[PDB]
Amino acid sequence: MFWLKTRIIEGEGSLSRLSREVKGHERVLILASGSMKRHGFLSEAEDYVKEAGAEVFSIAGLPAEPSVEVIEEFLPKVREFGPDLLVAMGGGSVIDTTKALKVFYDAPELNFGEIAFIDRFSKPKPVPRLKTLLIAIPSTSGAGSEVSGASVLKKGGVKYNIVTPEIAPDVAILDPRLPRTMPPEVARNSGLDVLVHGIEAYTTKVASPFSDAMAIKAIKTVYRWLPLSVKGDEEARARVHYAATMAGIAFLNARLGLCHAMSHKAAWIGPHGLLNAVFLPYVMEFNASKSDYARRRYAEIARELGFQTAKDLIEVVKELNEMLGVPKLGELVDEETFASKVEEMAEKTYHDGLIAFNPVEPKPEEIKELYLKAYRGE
């Protein structure tokens, strides 16, 4: 299918639209990153909420890696306030944290381990109706959590997923002023996450014309604008910001692929968006070598960028990575350590449900060989 729950508000100054969006709600809770507080954006959001006649309470300074345990720490405060509207302001992790909070707040009867999943050998129960409106306000460009029905967080040190349309945000507000405060490396990494989301969404087994429309526009936009953006160009930051959400609309519908999976299993090495960028060329090469469908799809993307072939697309991504100063795997982690982890990462990758949507189903050995090839870095 193709669907989109979230209503998207976008444009310069569009944070102020929060006043209109909270109309009819009296008690607004905002979870925000430390950076949203420091830059004064949290106080602006609070001001916009109070303009509309609501009371507001904010919890700022959330851990970068969300966890059930930390959410359980402030859940009592949330229940004491009793919001009828939730706002997430910050990166993907802040949105993920707020999505999980929504589940716990709206359905306190649920057992976490019964509704979340670790991998394809989990069997989660479906989440029931979750009534509290959720507004997502991304400050990075970006993970696309502001339109997805997915959240990732730890419990007991282990990484879990929750996926349901019940936590896809009702509203996303895309005000490019917020991502203009990303430091350069965050702009680079989150930008490359957009590119990899787009390219993977375009080549899954369940891509539609409708998801493709969004994936192709996101890819073109990042390709043209990300380097200017990383160096602080104000318009480029806006263009890439909207592109991040486009890629989110794409992968919400088309899912993601082997690159996202391998990147997540290698997260100990460094930032997702960066590891995605490093692995993508190798994933594209692998997929094209084993699937004429994938090769043809990569060539279609190449033609949208002004080239011809799958090979061109792989070379374009590699050169963009260099332009943006993305390191080789070798420069992030030493051979001994990598080789010691490669087996478990390849198995955990193989155990990821996303593999089913990749245009090729890889064997654990192939994935292991793939990790090793990316490490050798040629």
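Throughout, we count residues from 1 along the sequence that is shown.
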Of 260-268 and 80-88, the stretch with the higher mean C-alpha B-factor in the deposited entry is 260-268
Should the higher mean CA B-factor in the entry be assigned to 160-168 or to 71-79? 71-79
Highest recorded Cα temperature factor - choice among 49, 36, 30, 342: 342
What third of the chain, by the recorded C-alpha B-factor, contains residue 248? lowest
Considering every modelled residue of the chain and its Cα B-factor in the PDB entry, is residue 308 in the lowest, middle or highest third? highest
For residue 118, the third of its chain into which the C-alpha B factor falls: middle
In terms of the chain's CA B-factor thirds, is residue 190 lowest, middle or highest? lowest
Looking at the C-alpha B-factor of residue 291, is it in the lowest, middle or highest third of its chain? highest
